[PDB]
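The structure appears below as structure tokens.
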Amino acid sequence: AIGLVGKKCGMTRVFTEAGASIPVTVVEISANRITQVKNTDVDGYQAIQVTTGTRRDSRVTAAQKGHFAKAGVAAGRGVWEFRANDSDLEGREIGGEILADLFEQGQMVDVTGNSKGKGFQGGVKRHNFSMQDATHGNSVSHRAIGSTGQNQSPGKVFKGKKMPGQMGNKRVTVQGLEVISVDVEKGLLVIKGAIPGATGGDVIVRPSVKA
Amino acid sequence: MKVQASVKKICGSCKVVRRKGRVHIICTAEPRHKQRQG
Amino acid sequence: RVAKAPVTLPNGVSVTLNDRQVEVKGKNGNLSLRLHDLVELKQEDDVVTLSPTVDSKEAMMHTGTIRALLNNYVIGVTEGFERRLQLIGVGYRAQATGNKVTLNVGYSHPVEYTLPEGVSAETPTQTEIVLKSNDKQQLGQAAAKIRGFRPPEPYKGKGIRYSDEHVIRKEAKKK
Amino acid sequence: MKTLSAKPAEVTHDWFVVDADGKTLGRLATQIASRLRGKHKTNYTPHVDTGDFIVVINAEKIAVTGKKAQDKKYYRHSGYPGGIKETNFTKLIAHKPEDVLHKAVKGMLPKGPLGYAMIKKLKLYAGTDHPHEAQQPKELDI
Amino acid sequence: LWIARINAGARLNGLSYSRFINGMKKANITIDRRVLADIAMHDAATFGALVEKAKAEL
RNA sequence: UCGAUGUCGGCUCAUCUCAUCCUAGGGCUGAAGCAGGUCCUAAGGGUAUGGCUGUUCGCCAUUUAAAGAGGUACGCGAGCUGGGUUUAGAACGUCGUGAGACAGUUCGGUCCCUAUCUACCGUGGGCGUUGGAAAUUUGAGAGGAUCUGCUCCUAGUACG
RNA sequence: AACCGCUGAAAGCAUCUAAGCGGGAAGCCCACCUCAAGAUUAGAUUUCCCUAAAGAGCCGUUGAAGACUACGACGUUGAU
């Protein structure tokens, strides 16, 4: 139930001997250093905290420097927690190591990332609203929202109405993705599929919850 | 069964049974005699 | 009437009452029922008389059912209860192996039923199940559960049916 | 001679512990509501909180009569179209046990700033223990 | 307000407000609810004696 | 309501009901099977594209698991359209001596408003959270999602 | 839920129900994804700091982040 944090390196293909192209995405896995083990006695729940990447010393606060020093690890670019159970808290000690060995070839994974940000978007792109007529006398409402409600009853707009607003740049999970290849010496994780986000983004790969 | 406002025993093998405050006719001879009030 | 009828205790069987929980112990085994808080239980020479705490219709209707359950427990501990299921069909068959009974009736898959703790099944032939139990309730529930995998059909009688169960028969291709 | 008010700085709130074990929900709730309001005190003034802190244990053991454990419905609207949700007394006792008695008392308290301040003195817990031995509540059979 | 204070005071030692007012009426005590609530709030012993009178009258 | 509450239809965007159209669970059957018919439960999802006509509808073609019935100012013109109805031009039939008229027809005929408050979609500032800070988090709760065809196999078996 | 029960009395029988014990729907509550402590009941844990500290911000170079913001990165001990 624990995963690892990597960086989206970009997309490519893997060819099979039958001549099928598999769309894959490449994840750089630096070492996931364990910075804290949360247990039920102290925190009320079981989790593993890891860090990965690096920061320069001038960019790490005194509080975070002490947090990393208590574990014995080097400061990473971020800190991520994975909810675990007694089975997961087996060989996981503070200052310990999590590599790409966590996953096997052919294992289904869930991958989470920040989607690409589209900024402010209209209803047509954000919610697949139909466009109104391009011609036929249509005035200046070609990509307009259309009606936003009923009449006097209810005399308001219902909450959760689909409107323009910020699109993308949100946490998104894609489930049911296959591990195409694992390599740990090079920190390589090759996964079948799309992987939300841009290249260089932080991605979290966990074992698939559908199973 | 027949769900209706008037449930009455039909043949003579029908029973009026009430369960959960509701009136049924249950017949041991004719399965289409089964009635429930409602 | 049922409430006023006393429960005659055979030589082997015995009943004890500890904190509103009657236990019947005898040669077959041990059964127990929770005594309703509107019924009192008193014992005499090899007989148990159970009577309402107050003279009321509700208390009498509860002591009737306590008497009936106690009588069933006494008989089920002195000799036990037995139920018989028949299977009718071309390839319908049953096999009892321990506490788990398998039935091949008409599905793309045999059905496997685990008997409740207290009911024992044996199949002398392949189309006949004999169930034995201490309590009539658990025996009847096991029989109903097994019979509900393929209840009898009116047009040919196929299915699992109770022995001495009247199955309605209808005629196919009528005019 | 005049009729004086209670002067909040001069008022003292006493701590009491109530066992809600097998007691009727509304019959207990009215008593608690009166104690939280301070109606049992001769300095009662409706614009001052003169109440007492009430700590209720065994909140999951409170009782209702009739068929109300399965027919008493708790509705809420979430603010979204069609967002009407319903739950049972028994399901709510299993899920959030304190909310049955909290809801009953909130219904009986006045609805305004002072009422919000008086419901804050109701400390209700499922189970036989409360974390308020420091306040030394006196056992109150009400 | 006075009636609420007197009810609190009478229930503090003994009977309810309604029975207290009946007892005062039977005892021929002409003290008004304003003074009664003042004594309930500011003189607990005097209100106790006043309640004892109404209680002895019933 | 006449010191003005814009009409039908379409478009866009919906929201609710259940007297349920499909899908789900059932009882009865003049239920052999496959298919149905009725009624009970069930509102989670889903629930065509075209030809004609301004049409709603309706008929028709071809589909679909299905092409539900409704409420919402017969939802929705300070969101769009302007084909019909319902100004002024003109003509036909008809009525009138006539000026004219016609839920008769025909051709033509300006749709304004930069959003204050409520609402809603997003996105910030402040303060608070019992000294302050950097992080990581539990989850009271809320939203989203929930559809379904066909082929093979069981098995050309059960049934006939 | 409808519906089907087991045992069972009221009501010697019968009976799914009154006591008790079962099965059972795309529906309900979880489970999946996202948000979530202004949940003013403002929760938890790990570190850091207190004669202007720990930090945060301004400013600058900026970004598959973006209306402005915010958010992410970096500012010579540096590839922003």
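Every residue, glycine among them, receives a Cβ derived from its backbone with ideal geometry; neighbour counts consider all protein chains shown. Nothing in this text is a laboratory measurement; each read-out follows from the coordinates by a stated rule.
Here is how the numbers come out for the structure above:
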item	result
Positions within the range A:100-153 being away from RNA strand G (no atom under 12 Å from the Cβ), crowded, with 16+ Cβ neighbours inside 10 Å and in contact (Cβ under 8 Å) with a residue 24 or more places away in the chain, in sequence order	A:100, A:102, A:103, A:108, A:123, A:129
Search result, residues across the range D:28-39 that are within 12 Å of another protein chain (Cβ to nearest Cβ) and either free of Cβ contacts under 8 Å to residues at least 12 places away in the same chain or farther than 15 Å from residue D:16 by Cα (or both)	D:34, D:39
Test for residue C:67: is it in contact (Cβ under 8 Å) with a residue 12 or more places away in the chain, basic (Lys, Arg) and crowded, with 19+ Cβ neighbours inside 10 Å	yes
Of all residues in the range A:154-169 being within 14 Å of chain D (Cβ to nearest Cβ) and in contact (Cβ under 8 Å) with a residue 12 or more places away in the chain, the one that is farthest from residue A:195 (Cα to Cα)	A:161
Total residues in the range A:141-153, condition more than 14 Å from every other protein chain (Cβ to nearest Cβ), outside any strand (DSSP E or B) and within 7 Å of RNA strand F (Cβ to nearest atom)	6
Subset of the range C:117-153 (residues that are in a loop (DSSP other than H, G, I, E, B) and either surrounded by 14 or more Cβ atoms within 10 Å (Cβ to Cβ) or in contact (Cβ under 8 Å) with a residue 40 or more places away in the chain (or both))	C:118, C:123, C:127, C:134, C:135, C:149, C:150, C:152, C:153
Of all residues in the range C:154-168 being part of a strand (DSSP E or B) and surrounded by 17 or more Cβ atoms within 10 Å (Cβ to Cβ), the one that is nearest to RNA strand F (Cβ to nearest atom)	C:159
Which listed residue is loosely packed, with under 15 Cβ neighbours inside 10 Å, touching a strand residue (DSSP E or B) at 6+ places or on another chain (Cβ under 6 Å) and not aromatic (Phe, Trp, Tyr), from C:82, C:44, C:58	C:82
Residue within the range D:83-91 that is within 14 Å of chain A (Cβ to nearest Cβ), more than 14 Å from the chain's Cα centre (by Cα) and over 26 Å from residue D:137 (Cβ atoms) present	yes
Subset of the range D:108-120 [touching a residue at least 12 places away in the same chain (Cβ under 8 Å) and either within 14 Å of another protein chain (Cβ to nearest Cβ) or away from RNA strand G (no atom under 12 Å from the Cβ) (or both)]	D:108, D:109, D:110, D:114
Some residue of the range A:163-170 being part of a loop (DSSP other than H, G, I, E, B), within 16 Å of RNA strand G (Cβ to nearest atom) and either over 26 Å from residue A:5 (Cα atoms) or among the aromatic types (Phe, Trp, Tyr) (or both)	yes
Within the range E:13-31, tally of residues that are within 14 Å of chain D (Cβ to nearest Cβ) and in contact (Cβ under 8 Å) with a residue 24 or more places away in the chain	3
Count - residues of the range A:65-98 that are under 11 Å from residue A:50 (Cβ atoms) and part of a strand (DSSP E or B)	7
In the range B:10-36, the residues that are more than 7 Å from RNA strand G (Cβ to nearest atom), closer than 24 Å to residue C:167 by Cβ, within 8 Å of the chain's Cα centre (by Cα) and away from chain C (no Cβ under 14 Å)	B:14, B:24, B:25, B:35
Residue C:1 being within 15 Å of RNA strand G (Cβ to nearest atom), more than 14 Å from every other protein chain (Cβ to nearest Cβ), within 26 Å of residue C:118 (Cα to Cα) and surrounded by fewer than 20 Cβ atoms within 10 Å (Cβ to Cβ)	no
Candidate set from the range E:32-57 (those that are small (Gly, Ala, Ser) and more than 9 Å from chain D (Cβ to nearest Cβ)); member that is surrounded by the fewest Cβ atoms within 10 Å (Cβ to Cβ)	E:45
Unmet requirement for residue A:160, which otherwise passes all of (1) in a loop (DSSP other than H, G, I, E, B); (2) surrounded by 12 or more Cβ atoms within 10 Å (Cβ to Cβ)	(2)
Residue within the range C:40-58 that is of a type outside the set (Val, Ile, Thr), away from RNA strand F (no atom under 16 Å from the Cβ) and in contact (Cβ under 8 Å) with a residue 60 or more places away in the chain present	no
Residues (within 7 Å of RNA strand F (Cβ to nearest atom) and either closer than 14 Å to residue A:89 by Cα or surrounded by fewer than 12 Cβ atoms within 10 Å (Cβ to Cβ) (or both)) located in the range A:44-67	A:44, A:45, A:47, A:49, A:61, A:63
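To keep it simple, each residue is scored yes or no on (1) within 16 Å of RNA strand G (Cβ to nearest atom); (2) not in a loop (DSSP other than H, G, I, E, B).
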| site | (1), (2) |
| --- | --- |
| D:6 | no, no |
| D:12 | no, no |
| D:18 | no, yes |
| D:34 | no, yes |
| D:51 | yes, no |
| D:66 | yes, no |
| D:87 | yes, yes |
| D:92 | yes, yes |
| D:102 | yes, yes |
